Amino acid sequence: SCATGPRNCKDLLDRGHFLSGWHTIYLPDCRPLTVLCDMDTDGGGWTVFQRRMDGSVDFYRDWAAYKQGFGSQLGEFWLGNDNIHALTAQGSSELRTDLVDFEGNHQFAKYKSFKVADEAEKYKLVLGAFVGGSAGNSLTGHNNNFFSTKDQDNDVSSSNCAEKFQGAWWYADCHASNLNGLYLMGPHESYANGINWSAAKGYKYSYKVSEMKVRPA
């Protein structure tokens, strides 16, 4: 039940669940949700809300799709903006971004706090201090920006960044990171429309694996 159940993946780690996988947790309003726990990376206990690996799932989707979530437990997914708000409402959550290139190199970025607001505030990004990591810092530039999709433009550009750049993100004018962009498979000639993290591999290289995840601070 909600009374005795886990709130997040750290609670599950503490209860002796040591392998990564899908588990039921209870949101602050006691609604049950099935989530992916990363128990292996950097001490474990992370709740994963985005995962790319192979380009099998189309990420160029509308407001509705990003609001509710889409994809597969067996592969690539976005957990859903309503879900991500709920998960980050209580206490304080640290953010980790894990990346792998096609040459086999693993890179990461960590932030000391992370929250997204409710739909009334367009799922606005509230981001704390950059801690470090081999991937460098390409998200601070997005702090305090609304979320935008192709059919709903909340960015700070006279243009439509989500359409430019073929993704969905807390776009500014327009981005330093674009992890929901096209699965372009390494180097690409088109500018800034792939799975890009500009502080590491720049605007013309699309990563093999991307993963975004949270843990109580």
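Numbering starts at 1 and follows the sequence shown.
Higher mean CA B-factor, judged across 24-32 and 172-180 from the recorded values: 24-32. Here 155-163 and 63-71 are compared by their mean Cα B-factor, and 155-163 comes out higher.
As recorded in the PDB entry, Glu121 shows the highest C-alpha B-factor of the residues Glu76, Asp98, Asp82, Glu121. Highest CA B-factor among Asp58, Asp54, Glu189, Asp38, as stated in the entry: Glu189. When the CA B factors of the chain's modelled residues are split into thirds, the value for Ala200 lands in the highest one.
Per the PDB record, residue ranking by Cα B-factor puts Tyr111 in the middle third of the chain. The entry lists a Cα temperature factor for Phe102 that places it in the highest third of the chain's modelled residues. Sort the modelled residues of the chain by CA B factor and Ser1 lands in the highest third.
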